[PDB]
């Protein structure tokens, strides 16, 4: 016999010492949680406490790995194929024929989408607001990708408690 407090709202309930499922009596909580690891009961079926902890961790790490890949990849609006520009201007032609602006990723029909005025590298255009035809976004994208890895590093420090953190993507140069 043991008295247990809900891991969320702290409402108390009497539980048999051989029951692992905690069902909170609080009408405004109602959360069903595991009693050994405080994990959510629905997400817990068929898994041990360790297998659930690993499952949520992999879910998080892969979410950041794909968040970094998403910043680098251009997805064709028609066929969904991922594109990367090796060189050239910012007008992309996917193998399906559809065209897109490599900067803002919108679907376009031709060169009329782009600003072609005299324009210094990474400088605003004093005569339009269209996308630069020649600007290379590789450095800016690599910065955004690193911001994701750093923000994922700091959100790990909040959950773990200590200053323990493991890098998600590949290392630095």
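Numbering follows the first chain given and starts at 1.
Trainee: Determine, for stretches 132 to 140 and 118 to 126, which one has the higher mean CA B-factor as deposited.
Mentor: Per the deposited B-factors, the answer is 118 to 126.
Trainee: Between 9 to 17 and 149 to 157, point out the one with the higher average CA B-factor as the PDB entry records it.
Mentor: Per the PDB entry, the higher value belongs to 149 to 157.
Trainee: Can you tell me whether residue 105 has a C-alpha B-factor in the lowest, middle or highest third compared with the other modelled residues of the same chain?
Mentor: Bottom third by C-alpha B-factor.
Trainee: What third of its chain's C-alpha B-factors does residue 34 belong to: lowest, middle or highest?
Mentor: It belongs to the middle third of the chain when residues are ordered by C-alpha B-factor.
Trainee: Of the three thirds of its chain by CA temperature factor, lowest, middle or highest, which one includes residue 63?
Mentor: Middle third, going by the recorded CA B-factors of the chain.
Trainee: Determine, from the deposited record, the chain-internal third of the Cα B-factor for residue 40: lowest, middle or highest.
Mentor: Ranked within chain, residue 40 CA B lands in the lowest tercile.
Trainee: Once the chain's modelled residues are ordered by C-alpha B factor and cut into thirds, is residue 52 in the lowest, middle or highest one?
Mentor: It falls in the top third of the chain.
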